[PDB]
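**Student:** Encoded as structure tokens, here's the structure I'll be asking about.
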Amino acid sequence: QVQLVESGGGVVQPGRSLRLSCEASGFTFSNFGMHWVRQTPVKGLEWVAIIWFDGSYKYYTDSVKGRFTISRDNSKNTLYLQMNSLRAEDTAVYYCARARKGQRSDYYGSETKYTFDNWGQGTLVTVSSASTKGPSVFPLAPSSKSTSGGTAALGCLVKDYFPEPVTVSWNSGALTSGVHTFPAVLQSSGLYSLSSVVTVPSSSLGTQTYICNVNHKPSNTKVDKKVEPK
Amino acid sequence: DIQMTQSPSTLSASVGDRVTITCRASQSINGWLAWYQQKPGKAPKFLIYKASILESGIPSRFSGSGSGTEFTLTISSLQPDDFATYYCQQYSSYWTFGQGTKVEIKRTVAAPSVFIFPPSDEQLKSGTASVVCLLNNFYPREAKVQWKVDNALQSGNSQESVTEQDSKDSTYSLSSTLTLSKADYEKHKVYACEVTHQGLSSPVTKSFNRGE
Amino acid sequence: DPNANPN
């Protein structure tokens, strides 16, 4: 199927350089135009740039002109966004999208406008002068004080990481029902902390294995933690 | 540029209710209006193009219409998984979005499942002690959490975080964490978490003693 | 034209 994957996000010192890479699979990357979109927490969704299928033409939004450069390597199925002279306004989640005809494929008219679909998950760029700190994963073990009814709650505590974000899966993605990954909180030290919990059958606490998988891509931290009853 | 304006910014409605969102354009964009849906933790999803053409695989309960500069997204029967923020985009002159409209879901009152977690030995060996209190699947979102260490109401040492509304049971979860030093944690015995909610007949107290 | 066929 069509899958776009972004990479390259983290901290950048205000007024520095960063490159993003969008990998493409499931279609002919050299046949479609590509977009870079970003979402800011307050100002919302904002188009950034578009590149043609062959890289012949490139158009940018005004705020990024003279600072960003969209490019592509059709032999590698990889889209690029070279972000230079980064500002505070550039802190956002950057998606890459594939060009899409804003009308059914059979349609043929004078004015046929195009948009973008097939958005990837995104890569979060945080513009800050602070240092990257990896997370610390601790187990929220189930106990009699975590059991109500036939249900037992467990989880893992991820604290003291910067920048955002961390992704937390359970049993390598095979456990999704009952999972509650909470939004991160800003600790008094400027570092982030979150907790991901999951409710499971209490009777299966001895025959089942629950491992919390934490991924902090900015610090290249991959932690796998087993939560056992005590 | 072309400015898109959505209304309202937040909408509450029950399951099986008809929901309509309006989208204004600063000028005539012909029929080049697209609707995106962003569910929590996921990227926006292509829903409608040409203001009315649903994307392949979009449920039949979604629909769209437009009259030159004003466009609407309509859900005939609102569903739990329809909880999201919906954006309208014009692709006539460049690509610009609206501020979005979050369609929250009104359900019945649900009492929280309260769980408490003593700090871990791995964390305690590092110098801190985080006591975690969990409020699982409750409605409404408003909830009261108080920390009581040896029956002493704590202040200035806890942090909270609520999850977005669930896409299945349309409930909320809350994470209250009481952070202490290993010293202060060993200067007491009883660590409690008292919860107050509409669906709780009386306040529910979950507690543990240091060293159980 | 930015909104024409880029493919």
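Simple scheme: letters A, B, ... for chains in structure tokens order, numbers from 1 for residues in each chain, numbers from 1 for ligands in the order shown.
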For chain C, report every residue with an atom at most 10 Å from chain B (counting only C-alpha atoms), formatted as a list in words.

**Tutor:** residues 1, 2, 3 and 4 of chain C

**Student:** Leaving out segment 14-24 of chain A and any residue of its chain fewer than 4 positions from it, which residues lie within 9 Å of it when counting only C-alpha atoms, given as a PyMOL selection string?

**Tutor:** chain A and resi 2-9+28-29+76-88+94-96+120+123+127-129

**Student:** Hey, list the chain B side of the contact with chain A: 9 Å cut-off, only C-alpha atoms, answer as a PyMOL selection string.

**Tutor:** chain B and resi 32-34+41-46+49-50+53+87+89-100+113-123+130+132+134+136+159-164+173-175+206-208

**Student:** Taking only chain A into account, list the residues labelled strand (DSSP E or B) by DSSP (computed from the backbone), as a count of residues only.

**Tutor:** 116

**Student:** Could you write out as a list in words the residues of chain A within 6 Å of chain C, counting only C-alpha atoms?

**Tutor:**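 Going by the stated atoms only, the list reads residues 31, 32, 33, 52, 53, 113 and 114 of chain A.
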
**Student:** Suppose we keep C-alpha atoms; can you now write the selection as a PDB file, in the first residue's frame?

**Tutor:**
```
ATOM      1  CA  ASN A  31       5.280   9.769 -11.205  1.00  0.00           C
ATOM      2  CA  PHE A  32       3.697  11.957  -8.498  1.00  0.00           C
ATOM      3  CA  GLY A  33       4.251  15.435  -7.164  1.00  0.00           C
ATOM      4  CA  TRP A  52       6.810  18.452  -9.368  1.00  0.00           C
ATOM      5  CA  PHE A  53       7.189  14.785 -10.279  1.00  0.00           C
ATOM      6  CA  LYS A 113      -7.164  21.671  -9.545  1.00  0.00           C
ATOM      7  CA  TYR A 114      -4.916  19.447  -7.438  1.00  0.00           C
TER       8      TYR A 114
END
```

**Student:** Residue 48 of chain B: which residues within 8 Å, counting only C-alpha atoms, same-chain residues fewer than 5 positions away excluded, as a list in words?

**Tutor:**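 Counting only C-alpha atoms, the residues come to residues 34, 35, 36, 53, 54, 55, 63 and 64 of chain B.
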
**Student:** Extract the full set of helix (DSSP H, G or I) residues from segment 55-199 of chain B according to DSSP on the backbone, and format it as a PyMOL selection string.

**Tutor:** chain B and resi 80-82+121-124+182-186

**Student:** Please report the interatomic distance between atom CA of residue 150 of chain B and atom CA of residue 209 of chain B in Å with one decimal.

**Tutor:**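 Straight-line distance from atom CA of residue 150 of chain B to atom CA of residue 209 of chain B works out to 9.0 Å.
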
**Student:** One decimal, in Å: what's the spacing between atom CA of residue 52 of chain B and atom CA of residue 108 of chain A?

**Tutor:**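 That distance, rounded to one decimal, is 17.7 Å.
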
**Student:** With a distance cut-off of 9 Å and only C-alpha atoms, select the neighbouring residues of residue 200 of chain B, excluding the residue or stretch itself and same-chain residues fewer than 5 positions from it, and output the selection as a PyMOL selection string.

**Tutor:** chain B and resi 110-112+195

**Student:** What would the file look like if the residues just selected were written as a tab-separated table (two decimals), in the first residue's frame with N, CA and C atoms?

**Tutor:**
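out.tsv was written with the following content:
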```tsv
chain	number	residue	atom	x	y	z
B	110	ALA	N	-20.03	8.22	33.33
B	110	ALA	CA	-19.28	7.00	33.58
B	110	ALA	C	-18.31	7.22	34.73
B	111	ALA	N	-18.37	6.35	35.73
B	111	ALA	CA	-17.49	6.46	36.88
B	111	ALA	C	-16.08	6.00	36.53
B	112	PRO	N	-15.06	6.63	37.11
B	112	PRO	CA	-13.68	6.25	36.80
B	112	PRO	C	-13.24	5.01	37.57
B	195	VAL	N	-10.40	10.56	44.93
B	195	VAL	CA	-11.00	10.95	43.66
B	195	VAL	C	-12.45	11.35	43.90
```

**Student:** Would you mind telling me which residue in B:47, B:190, B:178, B:13 lies nearest to residue 145 of chain B when using only C-alpha atoms?

**Tutor:**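 Checking each candidate against residue 145 of chain B, we get B:178 as the closest.
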
**Student:** What is the distance between atom CA of residue 109 of chain B and atom CA of residue 176 of chain A, in Å to one decimal?

**Tutor:**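 Taking atom CA of residue 109 of chain B and atom CA of residue 176 of chain A, their separation equals 24.5 Å.
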
**Student:** Please provide as a short mmCIF file (atom, residue, chain, number, x, y, z; two decimals) with N, CA and C atoms, in the first residue's frame all residues within 7 Å of residue 8 of chain B, with the sequence filter that same-chain residues fewer than 3 positions apart are discarded (counting only C-alpha atoms).

**Tutor:**
```cif
data_model
loop_
_atom_site.label_atom_id
_atom_site.label_comp_id
_atom_site.auth_asym_id
_atom_site.auth_seq_id
_atom_site.Cartn_x
_atom_site.Cartn_y
_atom_site.Cartn_z
N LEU B 11 -17.79 21.61 19.03
CA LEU B 11 -19.16 21.15 18.90
C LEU B 11 -19.36 19.89 19.72
N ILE B 21 -20.90 21.20 9.88
CA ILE B 21 -19.85 22.18 10.08
C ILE B 21 -19.79 23.08 8.85
N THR B 101 -12.62 22.28 13.33
CA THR B 101 -13.77 22.17 14.22
C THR B 101 -13.71 20.83 14.92
#
```
